[PDB]
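Q: Below is model26.pdb; it holds PDB, C-alpha atoms.
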```pdb
ATOM      1  CA  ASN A   4      57.299 139.907  55.263  1.00  0.00           C
ATOM      2  CA  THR A   5      58.761 136.516  55.802  1.00  0.00           C
ATOM      3  CA  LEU A   6      59.584 135.027  59.164  1.00  0.00           C
ATOM      4  CA  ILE A   7      61.006 131.564  59.508  1.00  0.00           C
ATOM      5  CA  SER A   8      61.762 129.114  62.291  1.00  0.00           C
ATOM      6  CA  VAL A   9      64.471 126.444  62.153  1.00  0.00           C
ATOM      7  CA  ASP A  10      65.673 123.820  64.624  1.00  0.00           C
ATOM      8  CA  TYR A  11      69.416 123.284  65.087  1.00  0.00           C
ATOM      9  CA  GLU A  12      71.694 120.737  66.698  1.00  0.00           C
ATOM     10  CA  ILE A  13      75.452 121.317  66.851  1.00  0.00           C
ATOM     11  CA  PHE A  14      77.944 118.417  67.059  1.00  0.00           C
ATOM     12  CA  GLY A  15      81.606 118.717  68.086  1.00  0.00           C
ATOM     13  CA  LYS A  16      83.561 120.018  71.045  1.00  0.00           C
ATOM     14  CA  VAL A  17      80.658 122.202  72.128  1.00  0.00           C
ATOM     15  CA  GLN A  18      80.419 121.679  75.905  1.00  0.00           C
ATOM     16  CA  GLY A  19      82.695 123.189  78.595  1.00  0.00           C
ATOM     17  CA  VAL A  20      83.391 126.095  76.230  1.00  0.00           C
ATOM     18  CA  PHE A  21      80.626 128.669  76.918  1.00  0.00           C
ATOM     19  CA  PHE A  22      78.799 127.748  73.686  1.00  0.00           C
ATOM     20  CA  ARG A  23      75.337 128.726  74.981  1.00  0.00           C
ATOM     21  CA  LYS A  24      76.499 132.129  76.218  1.00  0.00           C
ATOM     22  CA  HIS A  25      78.062 132.927  72.867  1.00  0.00           C
ATOM     23  CA  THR A  26      75.065 131.591  70.918  1.00  0.00           C
ATOM     24  CA  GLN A  27      72.628 133.730  72.883  1.00  0.00           C
ATOM     25  CA  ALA A  28      74.827 136.787  72.411  1.00  0.00           C
ATOM     26  CA  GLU A  29      75.112 136.290  68.678  1.00  0.00           C
ATOM     27  CA  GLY A  30      71.400 135.538  68.255  1.00  0.00           C
ATOM     28  CA  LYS A  31      70.473 138.687  70.136  1.00  0.00           C
ATOM     29  CA  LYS A  32      72.954 140.738  68.099  1.00  0.00           C
ATOM     30  CA  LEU A  33      71.222 139.467  64.948  1.00  0.00           C
ATOM     31  CA  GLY A  34      67.761 140.323  66.301  1.00  0.00           C
ATOM     32  CA  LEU A  35      66.762 136.672  66.574  1.00  0.00           C
ATOM     33  CA  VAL A  36      64.571 134.982  69.152  1.00  0.00           C
ATOM     34  CA  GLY A  37      64.554 131.349  70.169  1.00  0.00           C
ATOM     35  CA  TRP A  38      66.560 129.309  72.597  1.00  0.00           C
ATOM     36  CA  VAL A  39      69.717 127.232  73.166  1.00  0.00           C
ATOM     37  CA  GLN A  40      70.337 124.230  75.451  1.00  0.00           C
ATOM     38  CA  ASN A  41      72.764 121.378  76.109  1.00  0.00           C
ATOM     39  CA  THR A  42      71.485 117.876  75.285  1.00  0.00           C
ATOM     40  CA  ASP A  43      72.250 114.594  76.949  1.00  0.00           C
ATOM     41  CA  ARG A  44      74.195 113.420  73.854  1.00  0.00           C
ATOM     42  CA  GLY A  45      76.693 116.273  74.342  1.00  0.00           C
ATOM     43  CA  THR A  46      75.357 118.542  71.597  1.00  0.00           C
ATOM     44  CA  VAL A  47      73.864 122.037  71.653  1.00  0.00           C
ATOM     45  CA  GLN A  48      70.312 122.380  70.353  1.00  0.00           C
ATOM     46  CA  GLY A  49      67.652 124.984  69.935  1.00  0.00           C
ATOM     47  CA  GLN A  50      65.476 127.017  67.635  1.00  0.00           C
ATOM     48  CA  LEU A  51      66.045 130.261  65.720  1.00  0.00           C
ATOM     49  CA  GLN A  52      63.190 132.544  64.593  1.00  0.00           C
ATOM     50  CA  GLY A  53      63.297 135.738  62.550  1.00  0.00           C
ATOM     51  CA  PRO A  54      63.766 137.196  59.083  1.00  0.00           C
ATOM     52  CA  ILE A  55      65.362 134.763  56.658  1.00  0.00           C
ATOM     53  CA  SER A  56      68.631 136.670  56.101  1.00  0.00           C
ATOM     54  CA  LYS A  57      69.257 137.016  59.846  1.00  0.00           C
ATOM     55  CA  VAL A  58      68.503 133.331  60.482  1.00  0.00           C
ATOM     56  CA  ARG A  59      70.879 132.386  57.647  1.00  0.00           C
ATOM     57  CA  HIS A  60      73.736 134.524  59.067  1.00  0.00           C
ATOM     58  CA  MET A  61      73.220 132.771  62.428  1.00  0.00           C
ATOM     59  CA  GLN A  62      73.191 129.347  60.699  1.00  0.00           C
ATOM     60  CA  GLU A  63      76.634 130.198  59.221  1.00  0.00           C
ATOM     61  CA  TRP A  64      77.960 131.276  62.595  1.00  0.00           C
ATOM     62  CA  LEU A  65      76.766 127.929  63.984  1.00  0.00           C
ATOM     63  CA  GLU A  66      78.626 126.073  61.247  1.00  0.00           C
ATOM     64  CA  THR A  67      82.104 127.675  61.531  1.00  0.00           C
ATOM     65  CA  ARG A  68      82.490 129.709  64.684  1.00  0.00           C
ATOM     66  CA  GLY A  69      80.413 129.112  67.794  1.00  0.00           C
ATOM     67  CA  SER A  70      82.245 130.006  71.007  1.00  0.00           C
ATOM     68  CA  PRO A  71      86.020 130.657  70.885  1.00  0.00           C
ATOM     69  CA  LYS A  72      87.146 127.382  72.446  1.00  0.00           C
ATOM     70  CA  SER A  73      84.687 125.267  70.368  1.00  0.00           C
ATOM     71  CA  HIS A  74      85.261 122.836  67.536  1.00  0.00           C
ATOM     72  CA  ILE A  75      82.169 122.310  65.415  1.00  0.00           C
ATOM     73  CA  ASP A  76      81.900 119.093  63.428  1.00  0.00           C
ATOM     74  CA  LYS A  77      78.419 119.571  62.037  1.00  0.00           C
ATOM     75  CA  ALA A  78      75.345 121.783  62.391  1.00  0.00           C
ATOM     76  CA  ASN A  79      72.170 119.844  61.588  1.00  0.00           C
ATOM     77  CA  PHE A  80      69.222 122.018  60.646  1.00  0.00           C
ATOM     78  CA  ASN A  81      65.688 120.630  60.621  1.00  0.00           C
ATOM     79  CA  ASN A  82      62.072 121.720  60.456  1.00  0.00           C
ATOM     80  CA  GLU A  83      62.754 124.977  58.616  1.00  0.00           C
ATOM     81  CA  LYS A  84      59.361 126.604  58.162  1.00  0.00           C
ATOM     82  CA  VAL A  85      57.568 129.865  57.510  1.00  0.00           C
ATOM     83  CA  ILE A  86      55.794 131.147  60.612  1.00  0.00           C
ATOM     84  CA  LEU A  87      52.911 133.627  61.093  1.00  0.00           C
ATOM     85  CA  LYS A  88      54.654 135.345  63.980  1.00  0.00           C
ATOM     86  CA  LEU A  89      57.527 134.799  66.396  1.00  0.00           C
ATOM     87  CA  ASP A  90      56.802 132.186  69.107  1.00  0.00           C
ATOM     88  CA  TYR A  91      59.449 133.878  71.392  1.00  0.00           C
ATOM     89  CA  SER A  92      60.112 137.429  72.620  1.00  0.00           C
ATOM     90  CA  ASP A  93      63.770 136.886  73.565  1.00  0.00           C
ATOM     91  CA  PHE A  94      66.644 134.460  73.100  1.00  0.00           C
ATOM     92  CA  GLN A  95      66.853 132.229  76.173  1.00  0.00           C
ATOM     93  CA  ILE A  96      69.603 130.018  77.512  1.00  0.00           C
ATOM     94  CA  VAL A  97      67.640 127.040  78.733  1.00  0.00           C
ATOM     95  CA  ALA A  98      69.582 125.799  81.737  1.00  0.00           C
TER      96      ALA A  98
END
```
What do you get writing this file as structure tokens?
A:
Amino acid sequence: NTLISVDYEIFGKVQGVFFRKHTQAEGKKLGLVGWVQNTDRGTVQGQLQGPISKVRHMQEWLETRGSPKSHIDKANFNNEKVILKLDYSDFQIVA
């Protein structure tokens, strides 16, 4: 009953706009676990883990919406993989 993990990195106007707060909220709403963090190249990165359909909904959110004041240029997804079990028990803002 298939769980996946995927890494993400979001490019655009994504800092100074409460991106991490909104990402955590949306991930939790979708029953996802993982994490979100700001990077030193100005992007937002993290991992998403959960059922495929929920992860995919979140991937879409990360492509077009993000936080209200944000302007997303590109969401890069990497290392999509099936997992035996969740590696996380919550969705953390790493900060």
Q: Please write the residues picked by the PyMOL selection byres ((chain A and resi 14-31) around 8) on this file as number ranges by chain.
A: A: 12-13, 32-36, 38-41, 45-47, 51, 61, 69-78, 93-96
Q: For CA of residue 62 (chain A) and CA of residue 37 (chain A), determine how far apart the two atoms are, in Å to one decimal place.
A: 13.0 Å
Q: Once the PyMOL selection byres ((chain A and resi 89) around 10) is applied to the coordinates I shared, what remains selected? I want it as a PyMOL selection string.
A: chain A and resi 6-8+35-37+51-54+86-88+90-93
Q: Write a file of the selected residues as a short mmCIF file (atom, residue, chain, number, x, y, z; two decimals), keeping the file's coordinate frame, keeping C-alpha atoms.
A:
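Contents of the output file part_4.cif:
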```
data_model
loop_
_atom_site.label_atom_id
_atom_site.label_comp_id
_atom_site.auth_asym_id
_atom_site.auth_seq_id
_atom_site.Cartn_x
_atom_site.Cartn_y
_atom_site.Cartn_z
CA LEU A 6 59.58 135.03 59.16
CA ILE A 7 61.01 131.56 59.51
CA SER A 8 61.76 129.11 62.29
CA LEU A 35 66.76 136.67 66.57
CA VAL A 36 64.57 134.98 69.15
CA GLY A 37 64.55 131.35 70.17
CA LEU A 51 66.04 130.26 65.72
CA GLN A 52 63.19 132.54 64.59
CA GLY A 53 63.30 135.74 62.55
CA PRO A 54 63.77 137.20 59.08
CA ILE A 86 55.79 131.15 60.61
CA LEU A 87 52.91 133.63 61.09
CA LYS A 88 54.65 135.34 63.98
CA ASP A 90 56.80 132.19 69.11
CA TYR A 91 59.45 133.88 71.39
CA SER A 92 60.11 137.43 72.62
CA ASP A 93 63.77 136.89 73.56
#
```
Q: Enter the distance from CA of residue 59 (chain A) to CA of residue 83 (chain A), in Å, rounded to one decimal.
A: 11.0 Å
Q: Just how far from CA of residue 11 (chain A) is CA of residue 81 (chain A), in Å to one decimal?
A: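 Result for CA of residue 81 (chain A) versus CA of residue 11 (chain A): 6.4 Å, one decimal.
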Q: So which one's closest to residue 80 (chain A), A:65, A:10, A:55, A:42? Using all atoms listed in the file, please.
A: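 Nearest candidate to residue 80 (chain A) out of A:65, A:10, A:55, A:42: A:10.
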Q: Just checking: using only C-alpha atoms, which residue out of A:4, A:67, A:85, A:9 ends up closest to residue 49 (chain A)?
A: A:9
